[PDB]
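Visitor: First the structure, which I've put down as structure tokens, then a few questions once you've had a look.
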DNA sequence: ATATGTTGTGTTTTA
DNA sequence: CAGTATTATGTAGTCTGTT
DNA sequence: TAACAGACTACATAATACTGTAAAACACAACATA
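Chains as they are written, first to last, in the deposited numbering: chain B, 1 to 54; chain C, 1 to 53; chain A, 1 to 55.
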């Protein structure tokens, strides 16, 4: 199933501002990369911001 | 699901300065280890300070 | 079955206004394109909104 | 006899 | 965050063709 | 017919694109002392 940008952001470790999450998408930080259905982004529910630590 | 560094520090017996708690993370003295999320660390609620060796 | 516009629209991930969906049909964005039966459009069950540009 | 707190500089990420 | 700009969708009104 | 689907035309709104600014959170270093 697919989420809105809002719905996806609400379900993360820590939700950020929508404006930030959009910048993430513009910057190809999210995989799979969402697709703009009309005027709004759809994330697949499996979609994640990619990262680095341990 | 997690706590921020502040949120975690606030529930410890002795809260310390932010630097000190960061030092601990740097030196792997928190288990389980926190995950970095953007610009801040997120702790497991139950993470403890641990000194090995 | 073939679906009405309304029924088609209702099965999509993000249902829109009927007017929007009609604008799509006029622009050929639905594949396969709907047929015309009397007054109304009727859609293939697997019909999907597609993007006919290649940016 | 060392962990902690304070002050300062700089980078990255967020709002 | 605030601010300006871009574009698809949303809404509303009128009109056209069909049953 | 009266009712309805839809075509069209105009405008309003929402989600985003982009730019610019401030600051949060942290890494690192130096130093002070309880």
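Even for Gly, the Cβ is constructed at its ideal location relative to N, Cα and C.
Residue 8 (chain C) and residue 49 (chain C) look like a contact to me (Cβ under 8 Å); what is the Cβ gap, rounded to whole Å?
Guide: With a Cβ gap of about 10 Å, residue 8 (chain C) and residue 49 (chain C) do not count as contacting.
Visitor: Pick from B:44, B:51, B:43, B:38: whose alpha carbon is nearest that of residue 15 (chain A)?
Guide: Here the closest residue by C-alpha is B:38.
Visitor: Name the residue from C:30, C:53, C:26, C:19 whose alpha carbon lies nearest to the alpha carbon of residue 43 (chain C).
Guide: C:30
Visitor: Note down, in chain order, each residue of its chain lying with its Cβ closer than 7 Å to the Cβ of residue 52 (chain B), except the 5 sequence neighbours on either side.
Guide: Same-chain partners within the cutoff: there are none.
Visitor: How many whole angstroms separate the CB atoms of residue 41 (chain B) and residue 18 (chain B), which I take to be in contact at a CB cut-off of 8 Å?
Guide: Residue 41 (chain B) to residue 18 (chain B), Cβ: 10 Å. No contact.
Visitor: Checking contacts by CB at 8 Å: is residue 11 (chain A) closer than that to chain B?
Guide: no
Visitor: Looking only at its own chain, which residues have a Cβ that is under 6 Å from the Cβ of residue 1 (chain B), when we skip the five neighbours before and after it?
Guide: 45
Visitor: Would you mind giving the Cβ-Cβ distance between residue 13 (chain B) and residue 33 (chain C), rounded to the nearest angstrom? I have them listed as a contact below 8 Å.
Guide: With a Cβ gap of about 14 Å, residue 13 (chain B) and residue 33 (chain C) do not count as contacting.
Visitor: Consult DSSP for residue 7 (chain C) and reduce its assignment to one of helix, strand or coil.
Guide: Correct three-state label for residue 7 (chain C): helix.
Visitor: Strictly by DSSP, which residues pair up with residue 37 (chain B)?
Guide: B:40
Visitor: If you measure beta-carbon to beta-carbon, which residues of the segment 21-35 of chain A are closer than 7 Å to chain B?
Guide: none
Visitor: Using a Cβ cut-off of 9 Å, pull out every chain A residue sitting near residue 51 (chain B), in sequence order please.
Guide: Those do not exist, as residue 51 (chain B) stays about 27 Å from chain A at its closest Cβ, beyond 9 Å.
Visitor: What is the DSSP secondary structure of residue 72 (chain C), reduced to helix, strand or coil?
Guide: Here chain C covers residues 1 to 53 and nothing more, so residue 72 (chain C) does not appear.
Visitor: Could one say the Cβ of residue 54 (chain A) lies closer than 8 Å to chain B's Cβ atoms, at least one of them?
Guide: So, not an interface residue.
Visitor: Which residue marks the beginning of the alpha helix (DSSP H) containing residue 19 (chain C), and which one marks its end?
Guide: 18-26
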